[PDB]
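S.K.: Below: one structure in C-alpha cells.
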2 protein chains.
Amino acid sequence: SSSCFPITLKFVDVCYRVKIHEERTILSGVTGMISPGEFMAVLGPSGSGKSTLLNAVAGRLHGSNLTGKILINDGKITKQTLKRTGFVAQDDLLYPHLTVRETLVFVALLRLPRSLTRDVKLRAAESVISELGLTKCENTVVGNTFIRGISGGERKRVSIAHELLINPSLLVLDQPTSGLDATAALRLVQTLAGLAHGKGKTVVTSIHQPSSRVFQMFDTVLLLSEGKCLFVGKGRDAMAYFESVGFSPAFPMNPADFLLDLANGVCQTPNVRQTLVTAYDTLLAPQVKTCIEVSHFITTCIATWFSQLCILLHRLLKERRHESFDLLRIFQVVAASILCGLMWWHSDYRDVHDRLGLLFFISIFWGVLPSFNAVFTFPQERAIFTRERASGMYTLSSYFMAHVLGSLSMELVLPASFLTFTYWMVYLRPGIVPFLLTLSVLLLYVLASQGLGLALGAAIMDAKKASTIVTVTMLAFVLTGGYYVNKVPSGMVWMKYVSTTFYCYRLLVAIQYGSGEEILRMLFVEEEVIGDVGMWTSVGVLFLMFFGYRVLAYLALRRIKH
Amino acid sequence: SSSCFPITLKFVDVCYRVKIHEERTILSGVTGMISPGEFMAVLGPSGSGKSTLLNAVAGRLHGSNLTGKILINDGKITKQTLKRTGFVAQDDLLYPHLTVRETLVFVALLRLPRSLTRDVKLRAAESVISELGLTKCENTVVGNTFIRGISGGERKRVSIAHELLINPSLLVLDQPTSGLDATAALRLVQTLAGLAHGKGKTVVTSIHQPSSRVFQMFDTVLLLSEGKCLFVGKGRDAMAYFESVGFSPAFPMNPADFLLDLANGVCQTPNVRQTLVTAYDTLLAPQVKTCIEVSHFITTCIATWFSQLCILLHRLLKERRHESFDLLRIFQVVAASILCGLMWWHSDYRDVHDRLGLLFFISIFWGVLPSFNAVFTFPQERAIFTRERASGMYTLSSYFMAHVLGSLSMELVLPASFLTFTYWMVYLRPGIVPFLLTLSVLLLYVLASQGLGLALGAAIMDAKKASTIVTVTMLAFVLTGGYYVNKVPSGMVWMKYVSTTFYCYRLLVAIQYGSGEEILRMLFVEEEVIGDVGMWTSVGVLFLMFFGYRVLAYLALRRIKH
Ligand SMILES: Nc1ncnc2c1ncn2[C@@H]1O[C@H](COP(=O)(O)OP(=O)(O)OP(=O)(O)O)[C@@H](O)[C@H]1O
Ligand SMILES: Nc1ncnc2c1ncn2[C@@H]1O[C@H](COP(=O)(O)OP(=O)(O)OP(=O)(O)O)[C@@H](O)[C@H]1O
Ligand SMILES: [Mg+2]
Ligand SMILES: [Mg+2]
C-alpha cells in the first residue's frame, strides 16, 4: 500500500541517428526527469521518436547511435536495475499454445520473490486477471497468426499483466491503450495512476489518442515533435503555455487534440513547429535542466534453480502437446527400419563387407537425423528468448537445461524403435548383451550428434542458414568416418578423430565382430574390428563430445544479452 | 470522381461458435446492410466479435461455425467479388526488406488495371504516399521484430495504402486508426469518408477510440456488445435512441464514450446490457430487417503473366540482397570439395572400387544438400502467401515460376564450384567432354533433387516438420541408390527406380567408365557401368522427376485457397 525501492529516471540530451540507404536524426536533445510517484505521458505524432525514447530509457537501445546520459538513480543502467524495470513493448510476443491463465501463472511463479506460498502467488496471478478484465478469456489460448486465439485487445492486456506480475519500480509502457476501447483505456490509465500515486512507482507511458478525462490523470507531459521536444511540464500547465507563445483553440476542444495539432503544425485559426521549438528552447528548457541538476541521490540457490527448471520444462512440454507430429515420425522411422532390415535380410555373419555397410548406414542415419532436427530448437525460440532474456525472467542455465532435458524423451525412442526391427530382422550377433550394448552406443551417438545441431543453431540463430552449415559438417563427418576412401593420405588420418560418426562406427564394429578371432576361424584385418582406437577411448570421446557440444551451445546463447 | 461498380453488403443472422478446451457464442444474430455510398463504423468493447464479423463479411472466415447469410449484391462471396474487396486486417504482414516506396510501387504495378502507362501507375503510387503522409519514411525499410525499420503507426498506413492501390468497391478496415495520433486518425477518417461519399464506395470500419469529430463522419453505426448487437442505425440517431429506453449522460460528453459505456453496462447515474438487448430486439431490429428484405439487386494474357513474373521475381531478388550468406555457402562447399579431392588424391583410374565410392559420395552430397535447403522456400513465405492469395494479388503460376526461376542461380554455381576442384584434384577421366557431361548430369541431379524438397514443404507448410520427412526420404533414396547392399532380395529391386540418387550414380559411372571395355583390358561386371538402365533412359527419368516434383509442389500450394 506504500512505496518501494524508488527509481529516479533522468535522460539528459538524448540523441539517436541512423544511416540512410548522410544521417537522419530520430531524436535530437530530449531532456526530462521522472521522479518516483510520477505518471508521465509521452505524446507526439506518428513519426516522432517516442518508441526510440522509451526503448532508450528502458535499456533496450544501445550502441554508437545513442549520444545521451540515461541515469537511473544517478548511475547507468546495470543488470541490477533491469530487474526492477518492466517494459511493455508495442509488439506483443507471447507463447501461442499456453492459455491466458497458464501464461500469467508461469510469470507469477517465476518472478514473484520466492519467499511466498504458492497459493499467494496464484492469488496474485488471478488478482491481475480480475483487474484487467481478462476473465472471459481466461482459458483461451494466445495463438499465432495461424492459430486463432484471444482478441487483439486482450493480447495487449495479457502483455501488460505480464509486467504487472513483477512488482517493478520503473514501469515503461509503449502504447498500452492502442487496441482497447474508450472504457478499458480509462480503467487501464486509472490502474496505472493508482500504481504511480498509491504504491509510489514510476510509470512512463506513451499514450496516443487520450481522452479529456484520460489527459487529466497524468502528472507530467512530454510533447514530442519530430525528435525535438515541444513541452516538458505538468499536464494542467499545458494550454497555459502556448498562450505565452500565442496558440489558443478556436473551439472548446480536447487538450490532447490541440496539443497534437500543434505538434504537426496546425492551429485552426507559417512555421508553427519551428516557433514552438524556439519557444521551448528559450523559455522552458533551461528551467527544466537546472531542476534536474539539483536532483541528487546456497541450499536455496539450488532450490530456486530447480524450481525454474521445473517451470520452464513444464511450459516446454505444454506446447509440444499441440503438435501431433509424433506418430508420423515414428511411423516413418519404423518404415525406414523395416526397409533397412529387408534389404539386409539375406545377410550372414560371415559376410563382413556386407555387414560393415549396414553398420555404417546406421551411423549415417542416426547422425544425419538428430543433428538436422536439432537446428530448429533455439532458432525457433529467438524472438521470445530475446525478450525474456532482456527482461530477466530466468537464468540462462535453467533455460538451457530444459531444452536439453526436453529433447531426451523422443530422441531416445526413435533409435530404440529403429534398432528393435533392424537388429532382429537382419539378425545380427544374437543375445541380450550385444543388443543392449548396440542400443547404448546408438543412444549415446544420437545424443552426441544432437549437440552438433544444437551448437550450430545457437551460434547462427536462423534455422535456414544453419541447415546448410550442419549438412556439410555432417557430410564431412560421414566422409572421414571410416567406410569411404581406402588409401587416405598420411596427412589426413587425423581428421577422423574429430568425426562423431567414426567412434560410433568403430564401436558398432567392435561389438559385432568382437576382437578379431571368432570370425577369422570362419574365414578384414584392417577394415573391421582390428583398428587403432579402443572400446573405452571411443565412449570417452563420445561423452566428451556430448558434453562439449552442449557447452558450446550454452556459450553461443550467452552472446545474446540484448 | 464518380461512382464505380456498386456492392451492397448484407449479413443476415450471422452466428459464430467455437469449442471450448459446450460451445461459446462469439457472435449471435447480427443483421445489417451496407449500401454503396455508406460509411459504417462497427463499435464495441474489446471482446465483442468485431474482427470475427469483419472477417466473416470479407470472406476470410468460413466453415461449419458460421451460420449466416453473407450476401454481396444478393449473391454469395465468389472469387470474382473478392477482387473488388479490400481487407485491412489488424496484424500488419509486410515484406521486411523492401522499402515503403518499393512496396507500394509493386502493389500499384500488380493491381492497377494494366491498360495504363507505367508512369500513371507510379504517379498513382506516389499519390497515396502523399495522401497518408508517408513521405518522410518513403525510403525506409519495413523491417521485422529483429530488423528495425519504420514506425508502428507508419506500418499501419502502409497496410492501408496497400489496399487503396486496388481501387476496390468494398473496403473493410479492421481498426485502421489504432496506432495513429489524434490528427492522423482524423485525416484518415476524412480520406475514407471522401472515398465513401465522393467515389461512391462501400467502406466498413471497426473504429475503437473515435473522437467527437470522428464520430460525426460516419453514416451508419453498428454497436456490438458480446456478440449481440445493441444498435444499428444512423450515427446522429444514436443518443436520441437509448432515451426511449431511458439512458442519458449526466455530463456533456463524447457520444462514443457514452455508447461504449452502455455496451459494457455503465450509465454513471442493474441489468443494463440485457435491457439494451431486449430494447434493440423489439423496437429496432424488425424495422431493420424489413428494410433489408426490400433491397433487391490471348496475346495480352501472356504479357500480363510475364509482367507478373518479372515483378514477383524482382521483388524476390530484392530480399536476398539483404543476406550476405552466400560467401559462407561458397567457402564451405569449396572447403568440402577440397576435402573430397584431397582424400582421393592417391586414387587411380584402375581402382574402380575406390572411384565408385567417390562417385557415390558426390551423389549423396548433391542430393542431400539441395533437397534439405529447398524445404525452407515455401514454409518461410506462409503468412504473406496466405494473405496475398486471399487478396488476389497474383496468379499462382506467376508466383510459382519465380521461386523456381529464383532458385536457379546459386543452386547451379555450388555444384559447379564443387566439381571444378573435385574433378581435377582426384583427376578423373580427362578431357573437356567427360567434364562437361559430368557437370551437366550433376546440374540436372541438383535440380531434380531440389524439387523433392520443394514438394515436401509445399505439402507440409512447416520447415521443421518437413526437415524430418525429407531427411528419411533422402536417406531411403541413398539406401536404394546402388552402392549399398550386395544381395538385394528379388522383391525389392524395383525400389531403386523411384530413387533419384540411382540415376545420377548410374550416369556418373557410365560417363567415367564408358561402356565396359577400356577398363577390362586393364584388369566389376555387375557393380560398375554394366547395368540394366541406359544413359538416355536415365536423363529422361531425371527430367521427368524435375518436372513432376515441381508439378506436385504446385498442386500442393493449390490447396491453400484461404
Ligand atoms: N478461435 C477462438 N476460440 C476461442 N475464443 C475466441 C476465438 N476467436 C475469438 N475468440 C474470442 O472471441 C472474442 C471476439 O474476438 P474478436 O477478435 O472477435 O473481438 P474484437 O472485438 O475484435 O476485440 P478487440 O477490439 O479487442 O480487437 C474474443 O474474446 C476472443 O477472446
Ligand atoms: N532503424 C531505423 N532506420 C530508419 N528510420 C527509422 C529507424 N527507426 C525508426 N525510424 C524512423 O524514426 C521514426 C521514429 O520511430 P518511432 O518508432 O521511434 O516513432 P513513434 O513515435 O513510436 O511512432 P508511432 O507512434 O507511429 O509508433 C519513425 O519515422 C521511423 O520511421
Ligand atoms: Mg510508439
Ligand atoms: Mg478488432
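Residue numbering in chain A adheres to Swiss-Prot, whereby the residues present occupy positions 32-52, 79-326, 335-362, 379-604, 624-662 in order.
Quick check of the header: electron microscopy, 3.0 Å.
Quick reminder: no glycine exception, Cβ is built from N, Cα and C everywhere.
Below are the features I grabbed from Swiss-Prot:
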- A:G101, A:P102, A:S103, A:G104, A:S105, A:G106, A:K107, A:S108: ATP binding site (BINDING)
- A:388-594: domain 'ABC transmembrane type-2' (DOMAIN)
- A:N122: N-linked glycosylation site (CARBOHYD)
- A:406-426: transmembrane segment (TRANSMEM)
- A:437-457: transmembrane segment (TRANSMEM)
- A:489-509: transmembrane segment (TRANSMEM)
- A:522-542: transmembrane segment (TRANSMEM)
- A:547-567: transmembrane segment (TRANSMEM)
- A:629-649: transmembrane segment (TRANSMEM)
S.K.: In the three-state scheme derived from DSSP, which category covers A:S108 (ATP binding site)?
M.R.: helix
S.K.: Among the recorded positions A:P102, A:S108, A:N122, name every one whose Cβ is found under 6 angstroms from ligand 2, counting any of its atoms.
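M.R.: Close enough to ligand 2 are A:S108.
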S.K.: Same chain only, sequence gap of 6 or more: which residues have a CB within under 8 Å of the CB of A:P102 (ATP binding site)?
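M.R.: Residues satisfying the criterion: A:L281, A:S282, A:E283, A:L317, A:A320, A:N321.
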S.K.: Looking only at DSSP and grouping its letters into three states, which state does A:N122 (N-linked glycosylation site) belong to?
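M.R.: Going by the DSSP assignment, A:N122 (N-linked glycosylation site) belongs to neither helix nor strand, so it counts as coil.
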S.K.: With 8 Å as the upper Cβ-Cβ limit, not reached, which of the recorded positions A:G104, A:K107, A:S108, A:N122 neighbour chain B?
M.R.: A:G104, A:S108
S.K.: Could you tell me the whole-number distance in Å between the Cα atoms of A:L604 and A:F624, where 19 residues in between were not modelled?
M.R.: 10
S.K.: If 16 residues are missing between A:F362 and A:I379, how far apart are the two Cα atoms, in Å?
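M.R.: The separation between A:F362 and A:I379 at their Cα atoms is 33 Å.
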S.K.: Just jot down the residues in the same chain as A:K107 (ATP binding site), at least 6 apart in sequence, with C-beta under 8 A of its C-beta; none if empty.
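M.R.: In sequence order, A:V99, A:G101, A:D231, A:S263, A:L281 meet the Cβ cut-off.
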S.K.: Please go through the binding-site residues A:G101, A:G104, A:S105, A:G106, A:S108 one by one and keep those whose C-beta falls under 6 A from any atom of ligand 3; give the result in sequence order.
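M.R.: Correct list: A:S108.
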S.K.: Around the C-beta of A:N122 (N-linked glycosylation site), how many further C-beta atoms are within 10 angstroms, looking at every protein chain?
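M.R.: Its Cβ shell of radius 10 Å holds 16 other Cβ atoms.
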S.K.: I'd like to check the chain gap: with 8 residues not modelled between A:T326 and A:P335, what is the distance in angstrom between their CA atoms?
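M.R.: Here the Cα-Cα span across the missing residues works out to 12 Å.
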S.K.: What does the Cα distance in Å come to between A:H52 and A:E79, when 26 residues between them are unmodelled?
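M.R.: Cα to Cα, the distance spanning the unmodelled stretch is 9 Å.
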